[PDB]
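The chains referred to below are lettered A, B, ... by the order of the sequence lines, with proteins before strands, and numbering in each begins at 1.
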Amino acid sequence: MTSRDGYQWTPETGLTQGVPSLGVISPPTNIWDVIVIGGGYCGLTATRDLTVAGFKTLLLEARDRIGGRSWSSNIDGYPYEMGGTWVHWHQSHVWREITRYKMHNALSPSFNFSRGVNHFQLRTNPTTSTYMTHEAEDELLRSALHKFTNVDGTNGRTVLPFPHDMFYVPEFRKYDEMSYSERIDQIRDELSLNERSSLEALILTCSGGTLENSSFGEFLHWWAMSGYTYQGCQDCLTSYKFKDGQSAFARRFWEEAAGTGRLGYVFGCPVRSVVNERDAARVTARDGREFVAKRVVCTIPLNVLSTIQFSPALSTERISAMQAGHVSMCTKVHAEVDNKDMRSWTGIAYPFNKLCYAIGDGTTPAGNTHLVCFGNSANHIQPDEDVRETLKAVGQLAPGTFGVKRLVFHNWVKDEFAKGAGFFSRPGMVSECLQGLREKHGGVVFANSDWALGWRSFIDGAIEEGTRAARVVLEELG
Amino acid sequence: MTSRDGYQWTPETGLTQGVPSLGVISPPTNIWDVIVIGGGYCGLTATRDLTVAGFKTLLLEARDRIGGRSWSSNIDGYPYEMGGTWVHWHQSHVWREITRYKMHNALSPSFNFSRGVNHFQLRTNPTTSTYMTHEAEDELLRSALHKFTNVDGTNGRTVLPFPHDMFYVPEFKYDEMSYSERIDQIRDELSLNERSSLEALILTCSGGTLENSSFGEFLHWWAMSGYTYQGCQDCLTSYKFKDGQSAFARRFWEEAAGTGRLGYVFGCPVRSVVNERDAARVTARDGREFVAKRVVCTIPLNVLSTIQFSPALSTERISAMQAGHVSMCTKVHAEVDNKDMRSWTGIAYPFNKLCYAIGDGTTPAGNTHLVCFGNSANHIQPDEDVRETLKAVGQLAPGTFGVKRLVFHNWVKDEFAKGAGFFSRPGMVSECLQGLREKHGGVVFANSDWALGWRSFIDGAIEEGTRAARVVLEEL
Ligand SMILES: Cc1cc2nc3c(=O)[nH]c(=O)nc-3n(C[C@H](O)[C@H](O)[C@H](O)COP(=O)(O)OP(=O)(O)OC[C@H]3O[C@@H](n4cnc5c(N)ncnc54)[C@H](O)[C@@H]3O)c2cc1C
Ligand SMILES: Cc1cc2nc3c(=O)[nH]c(=O)nc-3n(C[C@H](O)[C@H](O)[C@H](O)COP(=O)(O)OP(=O)(O)OC[C@H]3O[C@@H](n4cnc5c(N)ncnc54)[C@H](O)[C@@H]3O)c2cc1C
């Protein structure tokens, strides 16, 4: 079935809107102890746990599909990941689900260095390139990340020995409150143009944001979770994905919950408001339908929360985090290209290009190379707005070496039910607001990867919070 | 509440059997869809999942306590860890249960390098000692581990890139190699200090001999932890529960009890499990019988050959259960009278019966706590002779301290474990893992000893109990 979300470009079709996904649900409805709002991995986990536990549970989702910020579209036999893609066995919650659903053997490596150009292309201005081996690229990035993360002499192991508890060492706060830009100022003279340029392209790819608005300590938190090394980051952040696409993973949550007979759902049904009453909570759809339950688990993202009317009023901390919003305006564009030899190419083009980091990520059945490309707020592009501009950005990663047969993307920035990609905090935002983002609010439990403790902003964080939400409901309802 | 398990020794009281544990269940009984045999983490996870899901579940346990190969004993306000101890957030299953139980902030570091002697004491013969900084110790072990693991150019990343699927690269002959054969290939590139360090470390993991420990199984621990020395440190020996493993076991127990669908009997060892046409029948040593539609059997690999199963098990199960795994790990705690040894570590190898030890804590009375390990190459049964056990301890740092207390449990002689944590013979995992995992009519065999990931860890137990509950759920 084909979803309203996403885009494709080919020479024969031009830009078209809406792409196939296994996440699309048919029919869109089948009609309460609990209402779960939103069917990303947070809502899916929570729904899976509550129904399995005996609770009569109703899923309300705005879109036509499950998966939220993470979903895949099969096109000519190749799964394009529109959002969240990479996982690893060091990510506790997603891994626990992969293995429980027997999908531990259903992964593919993104990297494949076994043939082709087998080099890293670094571009620091528009007219020229530098080329290196992947070993050389590793030495350059490790050297840069070393200097970047070494604020305590142990690359963050002293200030943040327990990433799940940011305040164990109170000096950590100073870094949460520091921006990319501030940190770089302290090491600027110790970095080459090549180390600085790679570093910034890489950390801005993580944050989606700008050097001024991304929290250095949020990055130290990612670093710490991955084991405080460059190799641990590579492994956790961009090495392994689902051979059949993320939406096949989401379908396992969905089939489990459906299979209980305790699941109610409605898709294409955006929520306008959630009001606490005496016995219960009343949820109102934009289309005016109404639904009542003893508890509501609300998994709407941080950047979307200000569109919803809550009663009573949220706290000051919830209000200001939601008004400032997180900074990830990440653009992710997929290109199926006609150069077979670029399977083993990787590339950074920074700061002059609207896509700054890219990798060869696979081979389609038709034998073309699949490139995935990322850009951020520091040099932003809305990839749907001018196909010719998007193609320039893709080609400037490796000028004069391929033609594009196809583009595939979803625009997370203009999507009204995301308004941003995965969470990434402003300087000071997590230390100031995390506690307020996680607290109870009547019979409303707020749960989203955006405010997880461990892998915050990943699929793993979304599953952590879905699990938490289910346990809170379980304790309170019995 | 005291357990039949464990031992304690002091100068004043001598050697006494039985020690306290939060894991002791009293009253032992409260009397089916499902019978779970075993109350270690595997069974606890399986029971927690089955109950929460609505199944009428019977738990039968041989011991007077839950936790199996992992439990803690609170003595004068200090948790002694009789078996499985360390966890990390890179261990998916234990970490998931830790955060879901809100215990993510209830851990503490074993290592404290802020005061005290702050050195590593290496002993390669009975008459001397070499002393280093902890930095130099890290350099020495990193160098030894690099040479040991570097079979493929990338420290195992090429032959074992997906530890959960050992056959992904067929070249992964390493499973069929012993510690001994691996060291033979790199013998000439290792100094005495690198070799002694390395052998002590690797034998502390396996609890076995150089000739009977799979090199490949070690490559697997090493891959699971990230292929680095530092990753092994983080995963294997850094963080433990402030309140002891038994307080974590209690959370699973309270959750399953709270459902109202839990039946249970402790001190109830099982002799047979028979598959009938409708159900499966489980008979205790004393003759009591219990019937369920399904059975989750979590008895350890080394105890299985004591059980009659109907019908016969595959040749693979039988071979593995008859050969057994090689971990005969001896683990000894000492409360000692030297405060400066909080930051001490030592290896004494090959001449001592405990070869590896660390400052792990400080009791409420203000004394240093040392945890000490021995293997099968120079083995001691710590209960047989207290004075030999004290000597084994003293010789880790001769002349530097007196022993106020010992605490330990003999896992080897324990009829419901017959070994410690799983660790395999060369080839045993290649040959038998598939067998050890296949269904047996109405009986699901689950145990950390044949998990795919953190096999032989607490994590591996929770992996397997989760699997078992998914399987039973799928079938009923
Ligand atoms: C481009 C991109 C790349 C990423 N890369 C990775 C990666 O490699 N690895 C990784 O682990 N993570 C990655 N992430 C992040 C990960 O995908 C998300 O953090 C995770 O999916 C968040 O899940 P969630 O359930 O907390 O929130 P969401 O998936 O955002 O789910 C929230 C749900 O609420 C619904 N909703 C919104 N408004 C309403 C409303 N008004 N009424 C009803 N429903 C509503 C939404 O439609 C959505 O279904 C990436 C994200 C993006 C966007
Ligand atoms: C000394 C030592 C140190 C270790 N170090 C660590 C560590 O640091 N970190 C870590 O993660 N792991 C460690 N391990 C491993 C970890 O403790 C075990 O792998 C894990 O606890 C096993 O869990 P399990 O539920 O699969 O097996 P078990 O805990 O062995 O449970 C099996 C249950 O079966 C019961 N049983 C046996 N026979 C019968 C019978 N006939 N009838 C009824 N019941 C029976 C047993 O009493 C037991 O309760 C260690 C183990 C030991 C011994």
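- When heavy atoms are compared at a cutoff of 4.5 Å, A:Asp460 does not approach chain B at all.
- Both the backbone and the side chain of B:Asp165 come within contact range of chain A, each with at least one heavy atom under 4.5 Å from a heavy atom of that chain.
- Of all the listed residues (B:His88, B:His90, B:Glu463, B:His93), the one sharing the greatest number of non-hydrogen pairs under 4.5 Å with chain A is B:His90.
- Salt bridge status for A:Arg468 with A:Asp49: absent, with no side-chain N to carboxylate O gap under 4.0 Å.
- Residue A:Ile463 does not touch chain B at all, counting heavy-atom pairs closer than 4.5 Å.
- You'll find the ring centres of B:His164 and A:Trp95 inside the 6.0 Å limit.
- A:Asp138 and A:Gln231 form no side-chain donor-acceptor contact under 3.5 Å, judged by distance and modelled atom types alone.
- In this structure, the ring of B:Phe248 has its center less than 6.0 angstrom from the ring center of B:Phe252.
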